[PDB]
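Shown next as C-alpha cells: one chain only, the form deposited in one PDB entry.
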C-alpha cells in the first residue's frame, strides 16, 4: 500500500499504520459495554492558523489524536470511523478555483482516498448529510483532560451536529489507552526519529566550540534533522543550556532564548529531538564545552550515567515507575555523598526527600505522537504528593509496548539548595564548603528513549555516553556534515 515519504534516505511510513490504529480503537470500543451498536467515532482535524490578526500563516502541524487515527497532513479535515465495521471516511475541504493559483493542485476526492487508504472520501460541507444517511445510534466525540497541560481536548463540531445523539465521555480514555501502546509500525517510526536525532546530537557534539552561541547548535541540530531526516518540526523547543543555564530545565524558550556564549569550562546540556510525520523523539546529551571532563564534571556526570543504566537495567513489565524514580534518587544521593557534597545516612536522606533537591523533575515520561505523550494518569492512577515524584508524568506500572524517556539528572539549583540548607531535616546532610564549589555548575541530564518489551527494554537512542566515548566524539575530525 501507499506510504508517506520525503525522499532521499527518509523513512517510508505505511498508511497501514493508521489503518491498524483505527482497527485497534474499534476493537477496544466494541468491548466497552457502554458502546452502542451503530456508533461512529467523529474527529475533527486541525485548521490553518495565522499570527494574531495578520495574514502571516503559521506552519500547520496536525492535531495528535487526528494524526494517530488518520495520518492526514492537510488542514480543515474531519475523519469518522464506523465502530462496528471499522469503515473509515475522510472529509476534505471543497476548495475554490483560486486555490490552484495560490496554494497548488486541487486534488480529487479519489486522490485522497488513494493517498490515505481510507474507505471513502467526502467533502467537509457534506458531513451532516453523509452521517445522516448512515443512521448512527450515537456520535462518539473527543473530550477529556490532558494531564500534563490541564487542557480540555477540543470536541468535534459541525453544522447540524445538534440533530445527532452525541457522547463525549467514552472515546477519550479508550483512544488514549490505544496511544499508550505502540504498534510495531509505530515503533519503526520512533526508531527512525531516534536515529536521526542521535546523528544530529553527534554532529552537534563534534561542532561545539568555545565562543559559539547556544543557538548556533540549535540551528545545526534542526538543519541536520530537516535536511537529512525530513523533519520539518522539532518535537519541542530545543534546550541548549550552557554553564549555569544547564540547571534551567526548559531553558531555550522566548524568555531565555539560547543566547548565551559557551565558555571554556562550561558543561553543556542539550535536550533536542526532531519530529517526523508527527512522531516524537526526545534526547539529552551532556558534555563539557571544551571536550575534556574536569574531575568535578566527571563525578557528577558518571553519577547520572549510573542511575541511567541502573534504571534501564531494572525496567521490565510489572515495574512501578515511581520505584524507578526513587532508585535514581538513591543512586544520586550515594554518589553525591561519595563526592563529599553530602554526608550521613543515605537512608535518612531518602526519608527527607533530599533526592528532589538535585532532581526536581520526573524520571521520565511516555513518548509518542506528543513528546509528553497521553495516558500517564488514567482514572485510578494517582499522582504522588511528594517532592520529585509529584512531577512524574506517570505513576503507572510498565507493560510491553510502552515507550518511555529515561532521563535522570543532577542539578545545582540555588533556590532548592537554599531551601534545603534552611531546613534542619536536610541541612545536616549538606556539606556547605564542598557544595559552594558546585554553585553555578549547572547540571547533567542523560536522556534515552526506550520501549518496554516482554523481558525488559529496547533502547532506541544511540549517542556516546561514557566519558571516554564523549571525549572521543568531540575530538573527532570528520567533515561528514559541513554547511556553507
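The term rigid core refers to the maximal set of C-alpha atoms that superpose within 1.5 Å between the two forms. Positions refer to the first chain, counted from 1.
According to the PDB record, 158 to 166 carries the higher mean C-alpha B-factor of the two stretches 297 to 305 and 158 to 166.
In this entry, 104 to 112 has the higher mean Cα B-factor, the comparison being between 287 to 295 and 104 to 112. Each of 256, 138, 395, 413 has a CA temperature factor in the record; the biggest one is found at 138. Across 227, 89, 194, 149, the entry's maximum B-factor at the CA atom is seen for 89.
The entry lists a Cα temperature factor for residue 426 that places it in the middle third of the chain's modelled residues. When the modelled residues of the chain are ordered by C-alpha B-factor, residue 462 sits in the middle third. In the PDB entry, a CA B factor belonging to the lowest third of its chain's modelled residues is recorded for residue 332. Ranked within its chain, residue 43 lands in the middle third, by CA B factor from the PDB record.
In the deposited entry, the Cα temperature factor of residue 251 sits in the middle third of values across the chain's modelled residues.
Another form, the form deposited in another entry, is not on view; read the next lines as being about it.
Note: rigid core superposed between this form and the one not shown; among 191, 94, 99, 309, the CA shift is 2 Å or more only at 99.
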